[PDB]
Each structure stands twice: as structure tokens, then as C-alpha cells.
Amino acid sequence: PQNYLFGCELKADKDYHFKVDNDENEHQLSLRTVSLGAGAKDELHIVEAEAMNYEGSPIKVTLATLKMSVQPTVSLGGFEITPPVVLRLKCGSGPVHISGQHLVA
């Protein structure tokens, strides 16, 4: 597939909606790293993703639990998710950075 860089920043009041325009193209979001930004203090941060499960209902899943003094970056190794996907902070002020690839076949 074609491969484009993806990223976003999450905050307590800022989520991210990944949606792709309808067309003759199949899209995947492949998540790589979740990293705490400066401004996360030392509070617990939990990042969640919401998208469709196999049985056709939205589910919310926890991608990572981070804390600056313990584990500031988690590497997901290319966690692919079919859009639409919402990414949000379940707790923590943020910022939390997300990186990955937007794959198009």
C-alpha cells in the first residue's frame, strides 16, 4: 500500500477524529508510538481508541497507560485500525503525541 505519515496531539479537551473520504481506496491507520509531551507532568495518562468491532458496534479500547517518571513512550509496532477512529485521553491533561502511518491500498 501507499504509505503517508500520520500524527496528532491529544489533550484533556482535544481528541482526534480520523475519517477518510469515501472512494475506491482502502484505508488503514497504523499506529506506531504514543509519547508524553512536556506538559504532561507526572500524572497518569491513558489513551483510548474507539472504532468498530467485529459485531458492528463501536468499542473503546485502551491503547496505552503512560507516566513520565515510569514510561513516557509506548511503541505499538504498527497497530492497524480501520477508519473511522477516534483517539482520546481517558485521563491526564496531556499533551500526548501519537505517530503512525496512513496506509492506502
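A residue's number is simply how far along the shown sequence it sits, counting from 1.
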Which of 51-59 and 71-79 has higher mean CA B factor, as the PDB entry lists it: 51-59
Of 5-13 and 21-29, the stretch whose C-alpha atoms average the higher B-factor in the entry: 21-29
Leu103, C-alpha B-factor rank within chain (lowest, middle or highest third): middle
Among modelled residues of the same chain, the CA temperature factor third for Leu87: lowest
Third assignment of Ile46 from its chain's C-alpha B-factors: lowest
